[PDB]
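A.B. asks: Experimental structure and its sequence below.
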There are 2 protein chains.
Amino acid sequence: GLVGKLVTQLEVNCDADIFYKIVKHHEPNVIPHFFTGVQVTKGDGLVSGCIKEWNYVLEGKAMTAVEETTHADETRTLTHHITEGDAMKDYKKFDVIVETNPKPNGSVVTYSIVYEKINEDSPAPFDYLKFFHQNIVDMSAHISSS
Amino acid sequence: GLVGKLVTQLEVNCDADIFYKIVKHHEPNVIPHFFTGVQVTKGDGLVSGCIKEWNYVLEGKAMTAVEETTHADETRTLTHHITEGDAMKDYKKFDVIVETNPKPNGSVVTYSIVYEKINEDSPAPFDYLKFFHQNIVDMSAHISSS
């Protein structure tokens, strides 16, 4: 089982398009972290994404990652493509996809971690899944109606 | 974020229908556990599922659960419906759905935990997700071609 996907899906009381625009322009200050990096444009001058080098602390351990982020407004989807860092000691591929859709009924938010392990001895990224989950729960608790 | 779903999805080198029949009739002896219970029939005499009371040790702690299992051969789906036990101290609802499908390309196996927390102070079931993940990885490593 070398190729796989972990998912955490949450219901949020908020319109999908609004919530996506919030997620797209926001990060969890309690968590030690910062980034440096650049904005990417499509060629008309308006940002289409970013490339960031993160310095962060996960389960007590300091780590780095380089991620390229792209977005698709029409499907309310953010994609983080990790190319380098501590995660690449365990994974050949590590992508994080964030989707927001309206309930058939507010909204449903889906974090997916699409991964390929280096070898069988690599863990699956349950530590990252819980991290992203708690971060989006925290951000969702500071948003409210009206 | 009280209602949600956790998913672990794995690729396995095995035909989907065969793998489903394996999963359907198998349990991880390393893990302390046993069950008692009964078989359920649809009314023609052939088993359609089971109702089991599990005694198991999760992350060092002894727990119990009562689960009703049903299956759908045509969609290769097993459904475990938990009605009682330690998990119900955290969740109003706790269902585990196991699906096996062929790759568009072997197979893709999907464990989903569909949950509703009692309150905001309840955890999401990352401990169960990792447990089910490692159990299906273990079972998949003992299966091989030909």
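C.D. replies: Here it is on my side, so go on. Numbering: from 1, shown residues only, chains lettered A, B, ... in the order given.
A.B. asks: what residues does chain A put near chain B?
C.D. replies: Neighbours of chain B within chain A, by C-beta under 8 Å from any C-beta of the partner chain: A:1-12, A:120, A:124, A:126, A:129-130, A:133, A:136-137, A:140-141. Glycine gets a C-beta too; all of them are placed from N, C-alpha and C.
A.B. asks: Any quick ChimeraX command for the buried ones out of the residues you listed?
C.D. replies: Buried subset of the residues of chain A next to chain B, written as a ChimeraX selection, criterion 16 or more other C-beta atoms under 10 Å in any protein chain shown:
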select /A:1,3,4,5,6,7,8,9,10,11,12,124,126,129,130,133,136,137,140
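A.B. asks: Narrow the residues of chain A next to chain B to those in strands?
C.D. replies: Under the assignment DSSP state E, the residues of chain A next to chain B contribute A:3, A:4, A:5, A:6, A:7, A:8, A:9, A:10, A:11, A:12 to strands.
A.B. asks: farthest-separated two in those?
C.D. replies: Taking C-beta to C-beta as the measure, those reach their widest spread between A:3 and A:12, a distance of 29.4 Å.
A.B. asks: Just give me the residue right at the centre of chain A.
C.D. replies: The centre of chain A sits closest to residue A:96, judged by C-alpha atoms, centre = their mean, with a distance of 5.0 Å.
A.B. asks: Outside of the one helix or strand that residue maps to itself, which residues are in contact with it?
C.D. replies: Assigned by DSSP states H and E, residue A:96 belongs to strand A:91-102. Identification of contacts with strand A:91-102 by C-beta atoms under 8 Å, 6 or more residues apart in numbering or on different chains yields A:15-17, A:19-20, A:23, A:67, A:75-82, A:87-88, A:107-118, A:122, A:125, A:128, A:132.
A.B. asks: Can I have the buried ones of the residues you listed as a ChimeraX selection?
C.D. replies: Applying 16+ other C-beta under 10 Å to the contacts of strand A:91-102, the buried members can be selected in ChimeraX as follows:
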select /A:16,19,20,23,67,76,77,78,79,80,81,82,87,107,108,109,110,111,112,113,114,115,117,125,128,132
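A.B. asks: Can you tell me, leaving aside adjacent residues, what's nearest to residue A:32?
C.D. replies: Closest residue to residue A:32 apart from its sequence neighbours, by C-beta to C-beta, 6 or more residues apart in numbering or on different chains: residue A:57 at 4.1 Å.
A.B. asks: Who does the one residue in chain A that gets nearest to chain B form a beta bridge with?
C.D. replies: Distance from chain B to each residue of chain A (C-beta to the nearest C-beta) is smallest for residue A:7, at 3.7 Å. For residue A:7, the beta-bridge partners under DSSP bridges are residue A:112, residue B:7.
A.B. asks: now swap in the one 4 residues further on and tell me
C.D. replies: Each beta-bridge partner of residue A:11 is listed here, defined by DSSP bridges: residue A:108.
A.B. asks: who touches it in this structure?
C.D. replies: A:103, A:106, A:107, A:108, A:109, B:1, B:2, B:3, B:4.
A.B. asks: Next: residue A:106.
C.D. replies: Neighbours of residue A:106 in contact, by C-beta under 8 Å, 6+ apart: A:11, A:12, A:13, A:14, A:15.
A.B. asks: phi, psi of the residue nearest to it when sequence neighbours are not counted?
C.D. replies: Among residues not flanking residue A:106 along the chain, residue A:13 sits closest, at 4.4 Å (C-beta to C-beta, 6+ apart). Phi and psi for residue A:13, reported as degrees, to the nearest 10, are phi -90, psi 80.
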